[PDB]
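The next block holds one structure in the form of structure tokens; read it before the comments.
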């Protein structure tokens, strides 16, 4: 179980619903992290897309605590993310794009994030279906759940979820 960390986020992040819900005041992407740090075991969580207006690229994944908070997740070397619009996703890390996958998100979609620190992998799901191949492998160290979004998106966190 974790929530959004109100002390982790860019100041433009807006938390609500006992810190289970996030949006942003900015049209620029801003980061917020979860209250959990993972270093072992297998973790799965979901983000429900409460609101998706226009054509933004919210991003979902995991990060080091020192991730830059005022840019899309995966623009620096401290986050591993899937960014996704209404049409398609990309995987991003270190501002490098891999594995474009057709099929995106919309209001009512769910994004699932599977951080497997036994196998050292990060895998994404949309609406219960794996999105692309395993996104990143040989992932090591300590990760916090991460989100970036702007004012065109609102997401609600669902945690304490059984691994599929």
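Numbering (the UniProt record's numbering), first residue to last: 609 to 772. Think of the CB as a built atom: it goes at the ideal place given N, C-alpha and C, for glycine as much as any other residue.
In this structure, residue 669 places its C-beta atom within 8 angstroms of the C-beta atom of residue 721. Counting along the chain, residue 706 sits inside the beta strand (DSSP E) bounded by residues 704 to 710.
Counting of Cβ neighbours within 10 angstroms places residue 708 among the exposed residues, the total staying below 16. The three-state reading of DSSP puts residue 624 in strand, counting E and B together. Secondary-structure assignment with DSSP links residue 756 through a beta bridge to 639 and 667. The residue from 683, 665 and 637 with its alpha-carbon nearest to that of residue 672 is 683. 690 is the residue among 674, 770, 690 and 752 whose C-alpha sits nearest the C-alpha of residue 740. Bounds of any beta strand (DSSP E) do not take in residue 610, whose DSSP letter is neither H nor E. Around the CB of residue 706, fewer than 16 other CB atoms lie within 10 Å, so the residue is classed as exposed. Under the Cβ criterion (8 angstroms, minimum of three pairs), the stretch 732 to 746 does not count as touching the stretch 620 to 628.
Fewer than three pairs of CB atoms, one per stretch, sit closer than 8 angstroms, so the stretch 724 to 732 makes no contact with the stretch 657 to 664.
According to DSSP, residue pairing for residue 770 in a beta bridge does not occur. 639 is the residue among 634, 632 and 639 whose C-alpha sits nearest the C-alpha of residue 752.
Cβ atoms of residue 735 and residue 718 come within 8 angstroms of each other, at about 6 angstroms.
Take residue 760, set aside five residues on each side of it, and the residues of its chain with a beta-carbon closer than 6 angstroms to its own are 661, 662 and 664, in chain order.
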